[PDB]
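So this block is query_16.txt, compact mmCIF, C-alpha atoms:
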# COMPACT_ATOMS: atom_id res chain seq x y z
CA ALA A 1 63.90 37.73 -125.05
CA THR A 2 67.10 39.38 -126.29
CA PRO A 3 70.25 37.23 -125.82
CA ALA A 4 73.57 38.98 -125.17
CA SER A 5 77.10 38.58 -126.54
CA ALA A 6 80.46 38.60 -124.75
CA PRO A 7 82.93 37.98 -127.64
CA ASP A 8 83.95 40.75 -130.05
CA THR A 9 83.96 41.21 -133.83
CA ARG A 10 87.76 41.39 -133.73
CA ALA A 11 87.96 37.99 -132.04
CA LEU A 12 85.98 36.33 -134.83
CA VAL A 13 88.33 37.87 -137.39
CA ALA A 14 91.57 36.69 -135.76
CA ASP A 15 89.91 33.27 -135.52
CA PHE A 16 89.40 32.77 -139.26
CA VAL A 17 92.96 34.01 -139.82
CA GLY A 18 94.74 31.96 -137.15
CA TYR A 19 92.80 28.84 -138.08
CA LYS A 20 93.51 29.29 -141.79
CA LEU A 21 97.19 29.46 -140.83
CA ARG A 22 97.23 26.13 -139.00
CA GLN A 23 94.92 24.58 -141.59
CA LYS A 24 98.05 24.26 -143.73
CA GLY A 25 100.61 23.59 -141.01
CA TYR A 26 98.96 21.94 -138.01
CA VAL A 27 95.19 21.44 -138.11
CA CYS A 28 93.49 21.48 -134.70
CA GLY A 29 89.79 21.27 -133.89
CA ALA A 30 86.87 18.85 -134.05
CA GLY A 31 84.45 17.26 -136.50
CA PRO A 32 81.10 19.11 -136.73
CA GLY A 33 78.61 16.82 -138.42
CA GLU A 34 75.31 16.61 -136.56
CA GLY A 35 75.80 19.29 -133.93
CA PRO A 36 73.24 22.09 -134.50
CA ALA A 37 74.72 25.40 -133.34
CA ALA A 38 72.58 28.42 -132.44
CA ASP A 39 74.93 30.94 -134.04
CA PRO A 40 76.43 29.35 -137.21
CA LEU A 41 79.28 31.87 -137.06
CA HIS A 42 82.02 29.32 -137.76
CA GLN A 43 80.03 27.25 -140.27
CA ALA A 44 79.03 30.49 -141.99
CA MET A 45 82.57 31.85 -142.27
CA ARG A 46 83.69 28.56 -143.80
CA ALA A 47 80.69 28.44 -146.15
CA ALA A 48 81.50 31.82 -147.71
CA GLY A 49 85.17 30.97 -148.09
CA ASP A 50 84.62 27.56 -149.64
CA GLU A 51 81.77 29.10 -151.62
CA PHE A 52 84.01 31.24 -153.82
CA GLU A 53 86.66 28.55 -153.91
CA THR A 54 84.14 25.99 -155.12
CA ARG A 55 82.10 28.38 -157.26
CA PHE A 56 84.92 28.95 -159.76
CA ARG A 57 87.90 26.68 -160.39
CA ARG A 58 91.40 28.11 -160.08
CA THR A 59 90.80 31.68 -158.90
CA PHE A 60 94.32 31.66 -157.46
CA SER A 61 96.40 30.81 -160.51
CA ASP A 62 93.81 32.51 -162.73
CA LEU A 63 93.26 35.74 -160.75
CA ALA A 64 97.02 35.63 -160.21
CA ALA A 65 98.29 35.94 -163.79
CA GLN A 66 95.28 37.96 -165.02
CA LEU A 67 95.31 40.54 -162.22
CA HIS A 68 99.12 40.25 -162.33
CA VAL A 69 99.87 42.02 -165.63
CA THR A 70 97.54 44.94 -164.77
CA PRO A 71 99.69 47.03 -162.33
CA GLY A 72 97.96 46.80 -158.95
CA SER A 73 98.87 48.05 -155.49
CA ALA A 74 99.09 45.88 -152.36
CA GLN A 75 96.26 44.90 -149.97
CA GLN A 76 94.96 48.47 -149.98
CA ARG A 77 94.45 47.93 -153.70
CA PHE A 78 92.23 44.89 -153.27
CA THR A 79 89.87 46.68 -150.89
CA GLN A 80 89.76 49.86 -152.98
CA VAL A 81 88.57 47.70 -155.90
CA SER A 82 85.76 46.08 -153.92
CA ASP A 83 84.56 49.32 -152.32
CA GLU A 84 84.86 50.93 -155.75
CA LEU A 85 82.18 48.69 -157.23
CA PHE A 86 80.23 47.86 -154.06
CA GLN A 87 79.92 51.66 -153.77
CA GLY A 88 76.18 51.57 -153.10
CA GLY A 89 75.67 47.93 -154.02
CA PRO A 90 74.19 45.93 -151.09
CA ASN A 91 74.62 42.75 -153.14
CA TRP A 92 76.02 39.45 -151.87
CA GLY A 93 78.36 39.18 -154.85
CA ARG A 94 80.67 41.73 -153.22
CA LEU A 95 80.50 39.70 -150.02
CA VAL A 96 82.07 36.56 -151.45
CA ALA A 97 84.49 38.73 -153.46
CA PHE A 98 85.79 41.30 -151.00
CA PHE A 99 86.01 38.39 -148.55
CA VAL A 100 88.15 36.08 -150.69
CA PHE A 101 90.53 39.03 -150.95
CA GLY A 102 90.85 39.96 -147.28
CA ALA A 103 91.54 36.33 -146.41
CA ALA A 104 93.96 35.54 -149.26
CA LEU A 105 95.88 38.79 -148.72
CA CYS A 106 95.61 38.04 -144.99
CA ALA A 107 97.41 34.70 -144.79
CA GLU A 108 99.90 36.09 -147.29
CA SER A 109 100.84 39.21 -145.36
CA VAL A 110 100.73 37.13 -142.16
CA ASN A 111 102.82 34.10 -143.17
CA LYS A 112 105.35 36.47 -144.74
CA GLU A 113 105.67 38.00 -141.25
CA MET A 114 104.14 41.14 -142.75
CA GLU A 115 101.71 41.70 -139.86
CA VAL A 116 102.71 45.37 -139.82
CA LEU A 117 100.63 46.15 -142.91
CA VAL A 118 98.09 43.44 -142.00
CA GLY A 119 96.70 45.26 -138.97
CA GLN A 120 96.44 48.27 -141.27
CA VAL A 121 94.27 46.67 -143.95
CA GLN A 122 91.86 45.34 -141.36
CA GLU A 123 91.64 48.61 -139.42
CA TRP A 124 90.46 50.34 -142.60
CA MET A 125 87.94 47.57 -143.18
CA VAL A 126 86.08 47.92 -139.89
CA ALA A 127 86.40 51.68 -140.43
CA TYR A 128 84.39 51.90 -143.64
CA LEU A 129 82.15 49.17 -142.26
CA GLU A 130 80.72 51.34 -139.48
CA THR A 131 81.17 54.43 -141.68
CA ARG A 132 79.19 53.77 -144.88
CA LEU A 133 78.55 50.05 -144.39
CA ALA A 134 76.62 50.81 -141.20
CA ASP A 135 73.46 51.28 -143.25
CA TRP A 136 73.40 48.26 -145.57
CA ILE A 137 74.31 46.27 -142.45
CA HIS A 138 71.63 47.77 -140.20
CA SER A 139 69.03 46.68 -142.76
CA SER A 140 69.93 42.98 -142.92
CA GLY A 141 71.35 43.22 -139.40
CA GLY A 142 74.51 41.47 -140.51
CA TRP A 143 75.37 37.89 -141.34
CA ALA A 144 71.63 37.16 -140.87
CA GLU A 145 70.93 37.64 -144.59
CA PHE A 146 74.13 35.70 -145.30
CA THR A 147 73.08 32.65 -143.26
CA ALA A 148 69.81 32.43 -145.17
CA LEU A 149 71.47 33.75 -148.34
CA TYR A 150 73.48 30.71 -149.43
CA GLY A 151 70.96 28.36 -147.86
CA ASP A 152 69.64 26.85 -151.08
CA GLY A 153 70.60 27.71 -154.65
CA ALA A 154 73.21 27.13 -157.34
CA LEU A 155 76.54 28.67 -156.36
CA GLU A 156 77.73 29.10 -159.96
CA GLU A 157 75.31 32.04 -160.01
CA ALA A 158 76.98 33.99 -157.21
CA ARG A 159 80.46 33.59 -158.74
CA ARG A 160 79.65 34.35 -162.36
CA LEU A 161 78.09 37.50 -160.96
CA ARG A 162 81.01 38.49 -158.74
CA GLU A 163 83.73 37.59 -161.25
CA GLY A 164 81.40 38.98 -163.89
CA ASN A 165 81.24 42.61 -162.76
CA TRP A 166 84.70 42.48 -161.18
CA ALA A 167 86.58 40.73 -163.98
CA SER A 168 84.60 43.00 -166.34
CA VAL A 169 87.42 45.50 -165.83
CA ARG A 170 87.51 45.46 -169.64
CA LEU A 171 85.54 48.43 -171.02
CA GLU A 172 85.58 50.70 -174.07
CA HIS A 173 87.65 53.87 -174.47
CA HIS A 174 86.24 57.21 -175.62
CA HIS A 175 85.68 58.45 -179.18
CA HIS A 176 87.52 61.64 -180.12
CA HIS A 177 85.91 63.16 -183.22
CA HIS A 178 86.72 66.43 -184.98
Final structure tokens representation of the file:
Amino acid sequence: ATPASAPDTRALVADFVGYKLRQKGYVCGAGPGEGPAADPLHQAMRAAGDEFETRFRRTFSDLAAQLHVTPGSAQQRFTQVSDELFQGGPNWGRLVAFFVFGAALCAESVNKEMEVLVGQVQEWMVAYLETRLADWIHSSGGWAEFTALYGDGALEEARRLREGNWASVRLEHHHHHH
């Protein structure tokens, strides 16, 4: 018994984006309350998103000013940061982090009619995914671990961890003695 799949990974992506766009302008959908779904793809995607948004408080205004001062590049910068730390870290913390970025920088580059660069950021994503992320993914299989990851447990833990190592961009210089 091995079910098949017609849709594509790309489709799911454009879905979260397009929906997030109308979510502010013209919401369109249904009201899932007691409708058990085999593949909690949608529910899952929303969970992660709202997870980081609920975990902290004002990541937008906060991460805005804070990350503002420190000279940072565009979208490409956000990813580079995540991959920089996640470099060999199959932790969930980087999931909720790297995600909040792709999305935020997604709707931004999209709404601003900056799709040109948008398609670029994503392309790179799926690239490294099957490149070096093909292992950590093959182990858990994918969202599988995610579905059962945030099943039960304080969220404040996942954030503090993510914003902990990430926001911990503050380190100590070197000591030059003679």
Using all atoms listed in the file, which residues of stretch 97-125 of chain A come within 12 Å of stretch 151-166 of chain A, and what is the closest atom pair for each, with the distance in Å to one decimal? Give it as a tab-separated table, sorted by chain and residue number.
residue	atom	partner	partner_atom	distance
A:97	CA	A:162	CA	6.3
A:98	CA	A:162	CA	9.5
A:99	CA	A:162	CA	11.4
A:100	CA	A:162	CA	11.0
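With only C-alpha atoms as the basis for measurement, A:83 is the residue among A:113, A:145, A:83, A:172 that approaches residue A:128 most closely.
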What's the separation between atom CA of residue A:122 and atom CA of residue A:106, in Å to one decimal place? 9.0 Å
Can you pull out the residues contacting residue A:119? Cut-off 12 Å, using all atoms listed in the file, and skip same-chain residues under 5 positions away; I want them as a PyMOL selection string. chain A and resi 10+13-14+17+75-76+102+105-106+109-110+113-114+124-126
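Atom CA of residue A:143 is positioned 8.4 Å from atom CA of residue A:41.
Residues in contact with residue A:90 at 12 Å, where all atoms listed in the file are counted and same-chain residues fewer than 6 positions away are skipped, are listed as residues 82, 83, 132, 133, 134, 135, 136, 137, 138, 139, 140, 142, 145 and 146 of chain A.
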10 Å contact set for residue A:150, all atoms listed in the file, chain neighbours under 6 positions out, as an MDAnalysis selection string: chainID A and resid 44 47:48 51 92 158
Exercise on stretch 16-26 of chain A, axis-aligned box with 3 Å per side, report centre and edge lengths in Å to one decimal, as JSON:
{"center_x": 95.0, "center_y": 28.0, "center_z": -140.4, "size_x": 17.2, "size_y": 18.1, "size_z": 12.6}
Tell me which of A:127, A:144, A:104, A:117 sits closest to residue A:52, counting all atoms listed in the file. A:104
Contact residues around stretch 31-33 of chain A with only C-alpha atoms at 12 Å, ignoring same-chain residues under 6 positions, as a PyMOL selection string: chain A and resi 40+42-43
Could you tell me how far atom CA of residue A:77 lies from atom CA of residue A:141, in Å and to one decimal? 27.6 Å
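Shortest atom-to-atom contact with residue A:3 among A:28, A:66, A:39, A:23: A:39, counting all atoms listed in the file.
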Near-residue A:20 list (9 Å; only C-alpha atoms; drop same-chain fewer than 5 positions) as number ranges by chain: A: 15, 27, 103, 107
So, with only C-alpha atoms as the atoms that count, which of A:38, A:115, A:63, A:58 lies closest to residue A:167? A:63
